[PDB]
Structures are given as C-alpha cells and as structure tokens.
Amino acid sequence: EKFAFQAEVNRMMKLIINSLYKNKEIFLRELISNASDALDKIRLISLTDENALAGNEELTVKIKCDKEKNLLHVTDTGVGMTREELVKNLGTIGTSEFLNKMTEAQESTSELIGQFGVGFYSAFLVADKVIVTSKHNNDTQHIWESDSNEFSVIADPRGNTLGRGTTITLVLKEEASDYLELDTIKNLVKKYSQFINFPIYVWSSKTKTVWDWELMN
C-alpha cells in the first residue's frame, strides 16, 4: 500500500515547484488539462467499445470548494485509472531531456510543464496533500494520496462512487486559502477552460441562496 517516488520524480517535483513559485495558479490549468485528456481517452474508447460509457453516461469536469474542510475538488468523468495505473502513472516517469530543458530554462517553464506530461505535480505548490480517487472500467475505485514524501494506494472503502473517472482532492496550504473562494476559482476556471472541448462546471452559489452547477464554457 505504501510506495516511494522514483528518484527522477522527486527531482522533477522539486523543479516544477521551485520554478512556478511566482505563477502558482497554473496548477488549476494543469489539472483541468489532465481531466480533458482523460475525457478524450474515454471518448476514443467509446468509439470501439459500446459499453465504455456504462459507468457514467456523462463526459464532464466539475469543480467544488469545501471551505470548511479546506479542500478543493476537481472531478472528471474520463477514462479513469486502475490501481496499477495510479502507482505507475503518478509514481514513475524525453525524461532526461526535460530535466536539462527545465534547469537551463530556470537558470518560464510554465509552458514546458504542460508540453511534457507532468503538470499534475504543480498541485503541490498550493496543497500539502493531494488525493487521487479514481474509478476505471477494468477495476474497483481506488485512492492515491501523497504529501510528496511517499505515496500510498488503497481500495476506496466507499466503493464505486464515481462510476468512472477521477477526483483530484487538494488539501490546501494555509497561504493558499484564496483558492477556496468561489470567485477566485471561477476567474481561473473560465480562463483555463476556454480551450477545453468538454463542459466545465463549478459548484457555485446564487441568491435565498441555492447551490448548483454553473457552466464555465
């Protein structure tokens, strides 16, 4: 259940965190970009697999703020991940070139992070803990969590609650509490969803005060 990150991943997490220090809100752009890719994959599968979308008939990205819990949630209904995939895909990693590319560019990698497929780690810039709950058609719902010093994966004792997809839950750092603010979230989600071809909603409030999904693109 408990794993260590690959040496290269530790170096990469540090690089990413060190360079994006001043431009932190791109973590949201990167997570949204990953959710898009997840949806594209499931959509490509729905073409050859008639049952692919069985677990969840929708193809969306929903974001919600839990200010009391101090949590940020980014859930997609994409391909999702198996237990093995959570361990390999997040715990392991043009890797060597990217390393030299990043260092020589820090001595704006904001674009070089999205280029390569490692924007997920940028979450650690605003979170102390990152939790990945995911449901894949060929496995049971699992949870991956890490504070960057190690990571573990277990079976979700809650069972299949997603159907299919992934929820990225970020335990926000104290100085990152502005991201629990709906409007701070909407400005960032409306800015980073304008290129995404799947609908992105933010659990917002309207006034008396009812809550519901508000589309962002």
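Throughout, we count residues from 1 along the sequence that is shown. Take the two forms, superpose them, and find the largest set of C-alpha atoms that agree within 1.5 Å; that set is the rigid core.
In 9 other deposited structures of this protein, superposed on the rigid core, the segment with the larger root-mean-square CA displacement between 17-25 and 197-205 is 17-25. A fit on the rigid core, followed by a root mean square over CA positions in 9 other deposited structures of this protein, ranks 162-170 against 188-196 and picks 188-196 as the more shifted one. Of the other structures of this protein that model both sides of residue 129, every one gives it coordinates; not a third omit it. Among other compared entries that model residues flanking residue 103, a third or more give it no coordinates. Counting the deposited residues that fall between residue 93 and residue 94 and carry no coordinates gives a value of 1 to 3. Going from residue 107 to residue 108, you skip over 1 to 3 residues of the deposited sequence that the entry leaves unmodelled.
The deposited model assigns a higher average Cα B-factor to 98-106 than to the other stretch when 124-132 and 98-106 are compared. Of the two segments examined, 186-194 and 163-171, it is 186-194 that shows the higher average Cα temperature factor in the deposited entry. Of the candidates 70, 48, 51, 152, the one whose C-alpha carries the top B factor in the deposited record is 51. Between the residues 40, 181, 156, 30, the entry's highest C-alpha temperature factor is the one at 181. In the PDB entry, residue 111 places in the highest third of its chain by CA B-factor. Annotation for residue 36: CA B-factor lies in the lowest third of the chain's modelled residues.
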